[PDB]
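Novice: Handing you a structure now.
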Amino acid sequence: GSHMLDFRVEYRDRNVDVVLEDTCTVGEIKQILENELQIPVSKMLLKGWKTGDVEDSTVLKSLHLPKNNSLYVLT
């Protein structure tokens, strides 16, 4: 929708900026990172959420996040 969330995602000291609607799911961040970083989603751990129980199917809106967010990838 209209409401947009920014994620600065760290990997190997570089930053990937992912911006997407809060109606999207966490897994869509990973799908975008798969294309940006050329790493299959199965091979990445996306970490840095400030709360527990976050899953790929979590809808971002349900986390009531601020505009700018930070995450990181482990492979």
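Identifiers in this document derive from the order of the structure tokens: chains are assigned A, B, ..., residues are numbered from 1 separately in each chain, and ligands are numbered from 1 in order of occurrence.
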Output as a compact mmCIF listing (two decimals) with N, CA, C and O atoms, in the first residue's frame all residues of chain A that backbone DSSP marks as strand (DSSP E or B).
Specialist:
# COMPACT_ATOMS: atom_id res chain seq x y z
N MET A 4 5.38 2.87 3.59
CA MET A 4 6.60 2.28 3.07
C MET A 4 7.66 2.17 4.15
O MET A 4 7.88 3.11 4.92
N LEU A 5 8.33 1.03 4.19
CA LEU A 5 9.35 0.75 5.19
C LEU A 5 10.70 0.59 4.51
O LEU A 5 10.82 -0.09 3.49
N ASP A 6 11.71 1.20 5.10
CA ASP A 6 13.09 1.09 4.64
C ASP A 6 13.87 0.11 5.50
O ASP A 6 13.82 0.18 6.73
N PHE A 7 14.59 -0.80 4.85
CA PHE A 7 15.48 -1.72 5.54
C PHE A 7 16.89 -1.59 4.98
O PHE A 7 17.12 -1.87 3.80
N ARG A 8 17.81 -1.18 5.83
CA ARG A 8 19.23 -1.19 5.49
C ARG A 8 19.79 -2.53 5.94
O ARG A 8 19.83 -2.81 7.14
N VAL A 9 20.20 -3.36 4.99
CA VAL A 9 20.57 -4.74 5.27
C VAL A 9 22.07 -4.88 5.08
O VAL A 9 22.58 -4.66 3.98
N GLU A 10 22.78 -5.27 6.14
CA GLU A 10 24.23 -5.42 6.08
C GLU A 10 24.61 -6.84 5.67
O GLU A 10 24.01 -7.82 6.13
N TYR A 11 25.63 -6.95 4.82
CA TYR A 11 26.20 -8.24 4.44
C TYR A 11 27.63 -7.99 3.99
O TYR A 11 27.85 -7.19 3.07
N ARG A 14 28.88 -4.41 3.46
CA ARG A 14 28.15 -3.56 2.53
C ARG A 14 26.68 -3.49 2.93
O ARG A 14 26.17 -4.34 3.66
N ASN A 15 26.01 -2.46 2.43
CA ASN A 15 24.61 -2.20 2.76
C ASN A 15 23.76 -2.35 1.51
O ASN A 15 24.11 -1.80 0.45
N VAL A 16 22.67 -3.10 1.62
CA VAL A 16 21.64 -3.17 0.60
C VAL A 16 20.40 -2.48 1.16
O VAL A 16 19.88 -2.88 2.21
N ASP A 17 19.91 -1.47 0.45
CA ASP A 17 18.70 -0.78 0.85
C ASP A 17 17.50 -1.48 0.21
O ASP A 17 17.40 -1.57 -1.02
N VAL A 18 16.62 -2.01 1.05
CA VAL A 18 15.38 -2.65 0.62
C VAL A 18 14.23 -1.77 1.10
O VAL A 18 14.13 -1.46 2.29
N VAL A 19 13.36 -1.38 0.18
CA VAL A 19 12.21 -0.56 0.54
C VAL A 19 10.97 -1.24 0.02
O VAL A 19 10.92 -1.65 -1.14
N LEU A 20 9.97 -1.39 0.89
CA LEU A 20 8.78 -2.12 0.48
C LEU A 20 7.61 -1.72 1.37
O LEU A 20 7.78 -1.15 2.45
N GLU A 21 6.42 -2.02 0.87
CA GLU A 21 5.21 -1.67 1.58
C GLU A 21 5.07 -2.51 2.84
O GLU A 21 5.46 -3.68 2.87
N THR A 25 5.48 -9.27 3.32
CA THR A 25 5.99 -10.14 4.36
C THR A 25 7.51 -10.08 4.45
O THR A 25 8.21 -9.66 3.52
N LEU A 45 20.46 -16.41 6.45
CA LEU A 45 19.71 -16.10 7.66
C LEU A 45 19.55 -14.59 7.69
O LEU A 45 20.55 -13.87 7.65
N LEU A 46 18.31 -14.11 7.74
CA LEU A 46 18.04 -12.68 7.84
C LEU A 46 17.73 -12.40 9.30
O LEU A 46 16.78 -12.95 9.85
N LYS A 47 18.57 -11.57 9.93
CA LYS A 47 18.50 -11.36 11.37
C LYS A 47 18.44 -9.87 11.69
O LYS A 47 18.65 -9.02 10.83
N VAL A 59 3.64 -10.47 8.37
CA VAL A 59 3.34 -9.25 7.62
C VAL A 59 3.98 -8.08 8.35
O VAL A 59 3.79 -7.92 9.56
N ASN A 68 12.64 3.69 9.20
CA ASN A 68 13.98 3.20 8.92
C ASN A 68 14.34 2.07 9.87
O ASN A 68 14.19 2.20 11.10
N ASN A 69 14.77 0.96 9.30
CA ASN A 69 15.05 -0.26 10.04
C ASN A 69 16.38 -0.81 9.58
O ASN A 69 16.85 -0.49 8.49
N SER A 70 16.99 -1.64 10.42
CA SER A 70 18.27 -2.26 10.10
C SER A 70 18.20 -3.76 10.34
O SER A 70 17.63 -4.21 11.33
N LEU A 71 18.79 -4.53 9.41
CA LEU A 71 18.86 -5.98 9.49
C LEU A 71 20.24 -6.39 8.99
O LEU A 71 20.99 -5.57 8.45
N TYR A 72 20.56 -7.67 9.12
CA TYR A 72 21.82 -8.18 8.57
C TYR A 72 21.62 -9.62 8.11
O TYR A 72 20.70 -10.32 8.54
N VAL A 73 22.51 -10.05 7.21
CA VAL A 73 22.46 -11.37 6.61
C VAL A 73 23.68 -12.16 7.05
O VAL A 73 24.81 -11.65 7.02
N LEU A 74 23.47 -13.41 7.43
CA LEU A 74 24.56 -14.36 7.60
C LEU A 74 24.46 -15.43 6.54
O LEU A 74 23.36 -15.90 6.22
Novice: Can you work out which one of A:12, A:33, A:3, A:41 has the shortest atom-to-atom distance to residue 60 of chain A, counting only C-alpha atoms?
Specialist: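 Nearest to residue 60 of chain A: A:3.
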Novice: When DSSP works through the backbone of this structure, what residues of segment 3-73 of chain A end up as helix (DSSP H, G or I), shown as a list in words?
Specialist: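 Helix (DSSP H, G or I) assignments inside segment 3-73 of chain A correspond to residues 26, 27, 28, 29, 30, 31, 32, 33, 34, 35, 36, 37, 41, 42, 43, 60, 61, 62 and 63 of chain A.
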Novice: For residue 53 of chain A, which residue out of A:1, A:26, A:38, A:66 is the nearest one, using only C-alpha atoms?
Specialist: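 Closest residue, counting only C-alpha atoms: A:26.
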Novice: What gap, in Å, lies between atom CA of residue 54 of chain A and atom CA of residue 34 of chain A?
Specialist: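 Between atom CA of residue 54 of chain A and atom CA of residue 34 of chain A the gap is 18.9 Å.
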Novice: Quick one, how far is atom CA of residue 2 of chain A from atom CA of residue 58 of chain A?
Specialist: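 If I compute the distance from atom CA of residue 2 of chain A to atom CA of residue 58 of chain A, I get 18.5 Å.
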